[PDB]
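K.L.:
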Amino acid sequence: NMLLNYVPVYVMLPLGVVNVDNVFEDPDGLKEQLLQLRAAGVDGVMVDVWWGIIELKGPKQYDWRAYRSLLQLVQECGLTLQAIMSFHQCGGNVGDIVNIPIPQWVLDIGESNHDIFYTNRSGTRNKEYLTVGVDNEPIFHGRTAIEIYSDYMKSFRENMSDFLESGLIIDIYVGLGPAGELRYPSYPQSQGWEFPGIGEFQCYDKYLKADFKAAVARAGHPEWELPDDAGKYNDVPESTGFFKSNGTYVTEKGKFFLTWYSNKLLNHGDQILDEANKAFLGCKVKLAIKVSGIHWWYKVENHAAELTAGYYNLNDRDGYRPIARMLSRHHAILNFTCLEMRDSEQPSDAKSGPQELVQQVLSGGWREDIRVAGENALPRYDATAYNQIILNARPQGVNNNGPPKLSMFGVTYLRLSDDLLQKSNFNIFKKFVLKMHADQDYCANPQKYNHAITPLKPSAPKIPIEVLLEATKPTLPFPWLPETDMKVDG
Ligand SMILES: OC[C@H]1O[C@H](O[C@H]2[C@H](O)[C@@H](O)[C@@H](O)O[C@@H]2CO)[C@H](O)[C@@H](O)[C@@H]1O
Ligand SMILES: OC[C@H]1O[C@H](O[C@H]2[C@H](O)[C@@H](O)[C@H](O)O[C@@H]2CO)[C@H](O)[C@@H](O)[C@@H]1O
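FYI, in the deposited numbering the residues of the sequence shown are 6 to 495.
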């Protein structure tokens, strides 16, 4: 039955639906919009549950009232919800039309200790997320950064217990860094970065620097220092000593640093996921994380931008599959982006390979037998964008003899806006939803299309770093169709 080819579609709610004062501003307005999504066949919506709004007053001073009102409305409108534990700031990234900082009380500690923030070689502190360096430093009024995240999720679980039991919440996305993605803030627009700048390493806070120096000393090279020839945010790889041909990134020193740098992200995600699993144990929800799609410079040997962001991915080293393997122990979903981009749409001088990047990441996930979901990176309303998303959703097309051999677990569309609801744009969107659903009507019971959600089980045993890194072995991607068999048209 075709229903087995059904891929659910979710829509991101506007940023700031609940303002910085913790007030659900326009319920009536959101309601009319939600009802239109409901009529369009959309399966659910995604929303940021901002840490900076909820635990604003002080440590463990949570106020979940406004969000309870929002969830209640979503439920009344017949939509499911993907909730993001957003431990990051809204404001300094592309599309951030509202400013939502992390809790003021955390910012206050940052005043006396600037090293709780990601820091570049120049010493500029980025305040959008707490450096992985303090994950286990008990410097936040007695708590470590991870305990803060953990306490936040448990409070969410207990205070939204009725919504979790009623099956409103389907996925719990746990923000792991800037924009909620597991990465370093290597391309900060707030610091002048401009596409396709290679970005900068963000490991100069005293905690990360100390960890690195101890590490290299244990490796027999106490003299090794953090990168000093990697250039600046807007440089090109060839103009740097680190990324140029036969450059530093290929030396023993460089490989050690890059391994160290990327390993910090894997452990960061693994430790916080452990806490998310404990917090939601038994709940009928799946855990998920977001991996950024850094497609610029993907087509040159150095993969400069990926490296500075923390994805140690080269042509002979898979920097994403180990993330997928890590997620397997947590039975989590790998959410990737750039599902809408085509290589031809990128300036030639950016050496962009979004299509090949998507193929690599999705294949790695299916290879590790984990569920893969995704979203478009930029706002798109045209058929070509939708047709590319549909292609990636079912790379080898639909199967009439049963389920597709390859299919994404779901796709979340960025983002709900008046533009999307415009007669012509919305009309195209409705076709997009229909094709994602494999020409079937909206299906309220996920069980029908093999998406039944069982109680969250405890995470499997810890996987040692050496086993995770075995996943760096390059593999050939799964075959992709040149175009989808379920086109929207134009
Ligand atoms: O509301 C979700 C999320 O949206 C924005 O981040 C997106 C980004 O715009 C996309 O280009 C891609 O990178 O995925 C990101 C994560 O979904 C906001 O910047 C972010 O704060 C917010 O959580
Ligand atoms: O900021 C991260 C995103 O940067 C690029 O997006 C550019 C886009 O390429 C350009 O045409 C437009 O004018 O500005 C945006 C914002 O930087 C990448 O193309 C995206 O994949 C990144 O997510």
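Note that the Cβ used here is the ideal one computed from N, Cα and C, for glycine as well.
Measuring straight from C-alpha to C-alpha, what distance separates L481 and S357?
P.N.:
Position 476 of the sequence shown, counting from 1, holds the residue named residue 481. Position 352 of the sequence shown, counting from 1, holds the residue named residue 357. Cα to Cα, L481 sits roughly 19 Å from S357.
K.L.:
Residues in the same chain with beta-carbon distance under 6 Å from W229, minus the five sequence neighbours each way, listed in chain order, please.
P.N.:
To locate residue 229, count along the sequence shown from 1; it is residue 224. Closer than 6 Å at Cβ, skipping near neighbours: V221, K258.
K.L.:
Assuming contact is defined by CB atoms lying nearer than 9 Å, are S155 and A293 in contact in what I supplied?
P.N.:
In the sequence shown, the residue the question calls residue 155 occupies position 150. In the sequence shown, the residue the question calls residue 293 occupies position 288. Taking the C-beta atoms as reference points, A293 is found no nearer than 9 Å to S155.
K.L.:
Name the residue from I299, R326, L86, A457 whose alpha carbon lies nearest to the alpha carbon of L383.
P.N.:
Working through the sequence shown from its first residue, we reach residue 383 at position 378. Of the listed residues, the one whose Cα sits closest to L383 is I299.
K.L.:
Three-state secondary structure (DSSP) at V23?
P.N.:
For the purposes of this step, residue 23 is identified with residue 18 of the sequence shown, where counting begins at 1. In the structure shown, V23 sits in coil (DSSP, three-state: anything other than H, G, I, E or B).
K.L.:
Compute the beta-carbon to beta-carbon distance between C82 and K132, rounded to the nearest angstrom, for a pair I have assumed lies under 8 Å.
P.N.:
Numbered from its first residue, the sequence shown carries residue 82 at position 77. Numbered from its first residue, the sequence shown carries residue 132 at position 127. In fact, because the Cβ distance is near 35 Å, the residues do not count as touching under 8 Å.
K.L.:
Whole angstroms are fine: how far does the CA of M441 sit from the CA of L411?
P.N.:
Counting from one through the sequence shown, the residue named residue 411 turns up at place 406. Counting from one through the sequence shown, the residue named residue 441 turns up at place 436. Answer to the nearest angstrom: the Cα atoms are 14 Å apart.
K.L.:
If you follow the alpha helix (DSSP H) that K283 is in, where does it begin and where does it stop?
P.N.:
Within the sequence shown, numbered from 1, the residue matching residue 283 stands at position 278. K283 -> alpha helix (DSSP H) spans 257-284.
K.L.:
Between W301 and ligand 2, is there a pair consisting of the residue's CB and a ligand heavy atom that are separated by less than 8 Å?
P.N.:
Locating residue 301 in the sequence shown gives position 296, counting from the first residue. Correct: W301 has its Cβ closer than 8 Å to ligand 2.
K.L.:
Say the cut is 8 Å; is the CB of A382 nearer than that to a heavy atom of ligand 2?
P.N.:
As a working note, residue 382 is residue 377 in the sequence shown. Yes, ligand 2 has a heavy atom inside 8 Å of this Cβ.
K.L.:
Using the three-state DSSP reduction, which class does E230 fall into: helix, strand or coil?
P.N.:
Within the sequence shown, the letter at position 225 stands for residue 230. In this structure, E230 counts as coil in the three-state DSSP scheme.
K.L.:
Can you tell me where the alpha helix (DSSP H) with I433 in it begins and where it stops?
P.N.:
Residue mapping note: residue 433 aligns to position 428 of the sequence shown, counting from 1. Counting along the chain, the alpha helix (DSSP H) containing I433 begins and ends at 428-441.
K.L.:
Shortest alpha-carbon distance to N282 belongs to which of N272, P469, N24, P460?
P.N.:
As a first step, residue 282 is located in the sequence shown; it is residue number 277 there, counting from the start. Residue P460 is the option with its Cα nearest to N282.
K.L.:
For the candidate residues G197, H308, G370, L213, whose alpha-carbon lies nearest to that of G97?
P.N.:
On the sequence shown, residue 97 is found 92 positions in, with the first residue counted as 1. Ranking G197, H308, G370, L213 by Cα distance to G97 puts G197 first.
K.L.:
For my contact list, residue 517 and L187 are in at a C-beta cut-off of 8 Å; report their separation, rounded to the angstrom.
P.N.:
The question about residue 517 has no answer, for the chain in this structure spans 6 to 495.
K.L.:
So the alpha helix (DSSP H) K159 belongs to, where does it begin and stop?
P.N.:
For this step, residue 159 is matched to residue 154 along the sequence shown. In the DSSP annotation of this structure, the continuous segment of the alpha helix (DSSP H) that includes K159 starts and ends at 150-164.
K.L.:
On the three-pair Cβ rule with 8 Å, is the region 115-134 touching the region 62-80?
P.N.:
Counting Cβ pairs under 8 Å, fewer than three are found: no touch.
K.L.:
From what residue to what residue does the beta strand (DSSP E) around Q365 run?
P.N.:
Taking the first residue of the sequence shown as 1, we reach residue 365 at position 360. First-last for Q365: 359-372, but that is the alpha helix (DSSP H), not the beta strand (DSSP E).
K.L.:
Are three or more beta carbon pairs between the region 236-245 and the region 446-464 nearer than 8 Å?
P.N.:
no
K.L.:
Starting from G97, follow the beta strand (DSSP E) in both directions and report where the run begins and ends.
P.N.:
As a working mapping, residue 97 is identified with position 92 in the sequence shown. No beta strand (DSSP E) contains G97, which DSSP labels as neither H nor E.
K.L.:
Given this structure, state the Cα-to-Cα distance separating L474 from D279, to the nearest angstrom.
P.N.:
The residue you call residue 474 lines up with position 469 of the sequence shown. The residue you call residue 279 lines up with position 274 of the sequence shown. One C-alpha to the other measures close to 19 Å.
K.L.:
From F431 to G100, what distance separates their C-alpha atoms?
P.N.:
Counted from its first residue, the sequence shown places residue 431 at position 426. Counted from its first residue, the sequence shown places residue 100 at position 95. Approximately 20 Å, taken between the alpha carbons.
K.L.:
Could you check what DSSP says for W69 in three-state terms: helix, strand or coil?
P.N.:
Taking the first residue of the sequence shown as 1, we reach residue 69 at position 64. Coil, per DSSP.
K.L.:
Look up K304 in the DSSP assignment and say whether it is helix, strand or coil.
P.N.:
In the sequence shown, residue 304 corresponds to position 299, counting from 1. Coil.
K.L.:
Go ahead and pull the three-state DSSP assignment for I174.
P.N.:
Taking the first residue of the sequence shown as 1, we reach residue 174 at position 169. Reduced to three states, the DSSP call for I174 is strand.
K.L.:
Quick one: which unbroken beta strand (DSSP E) runs of 3-plus residues sit fully inside the region 379-418? Chain order, please.
P.N.:
415-418
K.L.:
Could you check if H335 is buried or exposed, using at least 16 other CB atoms within 10 Å of its CB as the buried criterion?
P.N.:
In the sequence shown, counting from the first residue as 1, residue 335 sits at position 330. Counting Cβ neighbours within 10 Å, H335 comes out buried, since at least 16 surround it.
K.L.:
With a cut-off of 8 Å, do at least 3 Cβ pairs link the region 266-280 to the region 164-171?
P.N.:
no
K.L.:
Among the candidates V22, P193, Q393, whose CA atom is the shortest distance from the CA of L421?
P.N.:
Taking the sequence shown and counting its residues from 1, one reaches residue 421 at position 416. The candidate whose alpha carbon is nearest that of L421 is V22.
K.L.:
Would you kindly work out how many angstroms separate the C-alpha atoms of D176 and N320, rounded to a whole number?
P.N.:
Within the sequence shown, the letter at position 171 stands for residue 176. Within the sequence shown, the letter at position 315 stands for residue 320. Between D176 and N320, the C-alpha separation is close to 33 Å.
K.L.:
Select from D348, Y266, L75, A310 the residue whose C-alpha is nearest the C-alpha of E199.
P.N.:
Counted from its first residue, the sequence shown places residue 199 at position 194. The candidate whose alpha carbon is nearest that of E199 is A310.
K.L.:
How would you write the range of the beta strand (DSSP E) that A88 sits in, first residue to last?
P.N.:
The residue given as residue 88 occupies position 83 in the sequence shown. Counting along the chain, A88 sits inside the beta strand (DSSP E) bounded by residues 85-91.
K.L.:
Less than 8 Å separating the Cβ of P227 from some heavy atom of ligand 2?
P.N.:
In the sequence shown, the residue the question calls residue 227 occupies position 222. No - ligand 2 has no heavy atom lying nearer than 8 Å to the Cβ of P227.
K.L.:
What do you get for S191, buried or exposed, if any count of 16 or more other CB atoms within 10 angstroms of its CB means buried?
P.N.:
Locating residue 191 in the sequence shown gives position 186, counting from the first residue. So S191 ends up on the buried side.
K.L.:
Hey, how far is the Cα of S349 from the Cα of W301?
P.N.:
Counted from its first residue, the sequence shown places residue 349 at position 344. Counted from its first residue, the sequence shown places residue 301 at position 296. Their Cα atoms are separated by approximately 13 Å.
K.L.:
Between the alpha carbons of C95 and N406, how many angstroms are there, rounded?
P.N.:
For the purposes of this step, residue 95 is taken as residue 90 along the sequence shown, with counting starting at 1. For the purposes of this step, residue 406 is taken as residue 401 along the sequence shown, with counting starting at 1. Each residue's alpha carbon lies about 45 Å from the other.
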